[PDB]
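In what follows, one protein chain appears twice in different forms, each by itself as structure tokens: structure 1 and structure 2.
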Structure 1
């Protein structure tokens, strides 16, 4: 066994065993040629990034848990995870030689950074004699094929996108890979010979530098929890079939939706598996909703944003972004800081921003509320600042999805009915008239009557004292007046739309 070659699967996203072609191919190959190969499933961890502030503690914890679950599952196939510390640029040249790699597989990714990184690896592999198999299993439909089907253009409307993808084939959904037979552990490389635990899963202490930012562990990481959570969500087939996104609550104390987003984001759950489960349920349920609103439709919204994002390296910025309306956002540093930390003085908005920071997930319509307030609705701050904060705090932080919906919400792309504006005060009342959500995440206001808990400034000073929370002392004065600024912002939006119309017809 001093003559074996190594087959490598590289996990970046797709942190799962189920429905993983790139991974299954590796395991099938090893079992086909017994005694021929060694198998190294790996995750590359840059130890320098741990202090990057664009990754919150909660997301680090989620990744830590995911890596441990992935190692446990690989253990059952007579394998394990190898978490190799370093950067791909130095790691691969070293391990290609060290491990005598014959093949390298991974799941493809459309994010710019990932496109250039992978291209470098492909170039190295080519020159070094290592075969590379890539698979597009992160999404149901391959953005490339969708764009090609639509004559070289990413569809910019949902219904057109649907019209294209129903013409495309849906790939077969795989099971978990086969158990490796006659696979002894590979010989230690020079790094392992020095430290036997060099490729072990990172500890919490290792991945999480600021444990004080950790909140309640409501959504544990990993494929196991992913599948358990999915199964629980699909248990009630009526709820699933009649799902309409607009009717789900932003402020329910428990999630009104599936909360599968962190799992789909990391690849802990296969979007293709989830799509298949849904379809089987809809066939059994005669009464059911349709896209855009349906649960299947939500999954297609994921696919839509990935397709437009795949055609635009600047997707996450206003300038140079083909889709994006050019809007004169302003700098408001105090207001930005107050929004960022849930200190706007709008209890509903503050409640949401605090849940987000604490727990890593907020409901889609809660995101609408705070995104609207930040941008077109009140503060007139750029969506790129909001995007940045979300990137830091969300467990499900996704380059394409985050950019896409921020553009939607700011009416910069895809959505253009800017006359519709969420009220920081009224929107939440509909589903939570008593303000239970506010009382929980803004505890200082928990004695306010429902009559003014969404608008504490309506309470007199004597009232404020009787509720044991005086505005300007225990809770902030509202940083702006929604009833005024939103009307003026509407006109700013109309004005900016006009300027863009000129430019568009001006190039003709």
Structure 2
């Protein structure tokens, strides 16, 4: 008796999962011949390649527990294997007598390298490998091909390409396993009956004092619930216009399905299909790029450009990216990282990010502009690394692609438009409720200067219980000075890149 193995990496869901579906149907169409090991590998190597904060560790822990729970309802379970794939797969290929291995493809360079070696091993031991592109709606390879070998570098050209492509069939959950015995314990399982159990919170989250509020629980189950909750107001959905959603409402102004889409707890193909059903129903609706389907197409767009550039997450060696002489300033980077810039709107956002792991798109705009071309003139690579640690939805292609946009390094070139750290939040939160919540030490400043506490006299600062420089920091830079200097630095950068 040989084993069929589905390998979870992303695609942490039962629904719309062709690679996992196939394994299951094969076991049921040939009962008695197969064991089934759905596995997730706790790869220590990924830590040398990306930062993971406490909040995202908890989201992953919750996700694996849910996935194990969902698999048990199918007379299976999740087998979480600790170790490096390059060392894990040669062992289990033999100890399990693996016939077929399926997984969902991923375009990240670490994923490509790792998968190539696993496919070299699988070819050596005579193991059949079947891969499926189900993490995105469109296959970046096919988009690039249809555009004659280059990724479209504008959103509109990208849309024109994928409109001519076939939308995939969205699958349901696999059928329950018919008369399947629990596989026999292997070398590892026998010395430890729990060697493959889902990891507890205590095993994955080493810095539990950095956990914030538990607001967006991991798991396919929670992802499906949150999608359904979001789709209930078909009018909000159909008339959604991303630029008009607020960055600083106390409740999120968008869906917050991003962590679920990042891990594959929600199939983007399923989400796309549910959106298209509502739009069909609702003749007055928005269109890309501002619509909700337009937001899914932003995700596809960045995945497509990223798939063609292994150096997508850095400035050097990146075919898309303007070469800009970003400066080093550790103290400023530390202030921005910990929301101690002295600009309450910026600080409020960075503290929400650290505590909760999610901030609104335009809140990302505000803090990214401030760090890079706007104010601090610090490389977008540094902001990307901080976002990578703190975000639940940390996504190699999205995190990089949007930082390049926000810094005027690629895709976006109107660097003369600069967000004010004082004025931008006022449009949607003139009372400063957001600042009061995440910068509580300012909670007694009136609206007239909560965005600019340095315009309150010392007497008033003592009256509000928050003296600048003691209880809340002074501005680390003067926006009105540096943003004009940085515009000229950008123009000089753009001239140098144009001549080369």
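Only the largest set of C-alpha atoms that superpose within 1.5 Å between the two forms is called the rigid core. Residues that one form lacks are left out of the comparison. Numbering follows the first chain given and starts at 1.
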property	result
Only residue that shifts (Cα, 2 Å or more, rigid core superposed) between structure 1 and structure 2, among 471, 479, 29, 50	50
Per-residue Cα shift, residue 92, between structure 1 and structure 2 [Å; core superposed]	0.4
Runs in sequence order between structure 1 and structure 2, three or more residues long, with CA shifts of 2 Å or more on the rigid core	46-53
